[PDB]
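This chain uses plain numbering: 1 for the first residue, then up along the sequence. First listed ligand is number 1; within each ligand, the first listed atom is number 1.
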Amino acid sequence: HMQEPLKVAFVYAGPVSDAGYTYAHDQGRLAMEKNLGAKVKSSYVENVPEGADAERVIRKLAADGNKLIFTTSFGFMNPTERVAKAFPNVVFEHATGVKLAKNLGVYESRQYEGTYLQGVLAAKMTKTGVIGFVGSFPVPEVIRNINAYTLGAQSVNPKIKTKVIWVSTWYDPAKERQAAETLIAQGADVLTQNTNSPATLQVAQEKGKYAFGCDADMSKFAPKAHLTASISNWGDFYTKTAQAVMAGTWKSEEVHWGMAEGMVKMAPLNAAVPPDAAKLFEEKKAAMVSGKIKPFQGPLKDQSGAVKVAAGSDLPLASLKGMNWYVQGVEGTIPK
Ligand SMILES: Nc1nc2[nH]cnc2c(=O)[nH]1
Ligand code: EMC
């Protein structure tokens, strides 16, 4: 019945005060601490850059006696794989990665389920017929979200166009704000983002447009603009993983949880959403949870007109994992 506390560390690419992505991972850590109490001792490091700095931070946490380390950014993938080889008695969990080892697992959300529902609402609320996406880097997570936003919108209005702008960072509130201003200048009036700040929401509110929270309810930053949010609940996953390491049941695997598992939840609808739109949103949400609809159910074509998925089929897990193609109706912004 007696066992020393499990030392668990979290490595963040951003600040806990982003009120988005890192905030939600850190709420997951705090949920793990509440659920497991004295059986776990957690620590975290914020604002860890990619490459040599990340490797040095992850090594130091492994050297300090942490037995379970979560690296919560795509950009920590190669540093995590190198430190895992050097620390074969430490369990490593890497968010959104594709590299596994005996002591390295990977985990991610199916947030694109929520992004699909956002696109349904964006189609109902847009006046220009142009929706906007602030992207970080063209990795499969982000391209799945761009496509899911577009397909969700197209389920309501097949003529919808999605304009994408890239900021080449996950988190920079000044760059995110400039990117949101550019999308609105180029005719987008309902915005979503894969970056980590509420900057896009604040710009939407200032310009009288709409946007969506990402990873947390961001309505306090922009009560008029915030239609809803795709909330990320990491707490149950972090709890289960820490429990597995303590109990000796942990094994390397690829974990993907969505709305059915409670990792992805939608915030309440803005009062501006009319009853016809709200009703459709609740019906599609129920269908998403039950698996009666899937964001990448066929038929799908890419932007060259190639068939990716036939009607009555679903996109295979391999194509989801490596997604680097766009559906018809996705375009870039004019640069400068
Ligand atoms: N959404 C998202 N935000 C991040 N911020 C830093 N790394 C990531 C990542 O992998 N995904
Ligand atoms: C739109 C993906 Hg946070």
Nearest non-hydrogen protein atom, atom 8 (C) of ligand 1
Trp170 CD2, 3.4 Å
What atoms of ligand 1 come within less than 4.0 Å of a heavy atom belonging to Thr96?
10 (O)
Could you identify the single nearest non-hydrogen protein atom to atom 7 (N) of ligand 1 and state the distance to 0.1 Å?
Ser73 OG, 2.4 Å
Taking only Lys NZ, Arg NE, NH1 and NH2, and the carboxylate oxygens of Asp or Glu, determine whether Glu33 and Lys41 approach each other closer than 4.0 Å.
no
Atoms of ligand 1 under 4.0 Å from any heavy atom of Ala13, numbered from 1 in the order shown, are 6 (C)
Could you check whether any side-chain N or O of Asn233 sits under 3.5 Å from a backbone N or O of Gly262, counting only pairs where one atom can act as donor and the other as acceptor?
yes
Return the orientation label for the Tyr107 and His25 ring planes: parallel under 30°, perpendicular over 60°, tilted otherwise.
perpendicular
Centroid-to-centroid, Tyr12 to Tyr44, below 6.0 Å?
yes
At the 4.0 Å heavy-atom cut-off, does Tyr21 count as touching ligand 1?
yes
Looking only at protein heavy atoms, identify the closest one to atom 1 (N) of ligand 1 and say how far it is in Å.
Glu141 OE2, 3.1 Å
Centres of the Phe296 and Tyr112 rings: under 6.0 Å?
yes
Quick check: does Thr115 have an N/O/S atom under 3.0 Å of atom 3 (Hg) of ligand 2?
no
Once you round to the nearest 0.5 Å, how far does OG of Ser219 lie from CG of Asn270?
8.5 Å
Using heavy-atom distances only, which candidate in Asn196, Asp215, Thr72 approaches atom 5 (N) of ligand 1 most closely?
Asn196
Check each atom of ligand 1 against the heavy atoms of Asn194 and keep those under 4.0 Å away; list them by number with element.
1 (N)
Under 30°, 30 to 60°, or over 60°: which ring-plane class applies to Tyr238 and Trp234, parallel, tilted or perpendicular?
parallel
Name the closest protein heavy atom to atom 10 (O) of ligand 1, giving the residue it belongs to and the distance to 0.1 Å.
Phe74 N, 2.9 Å
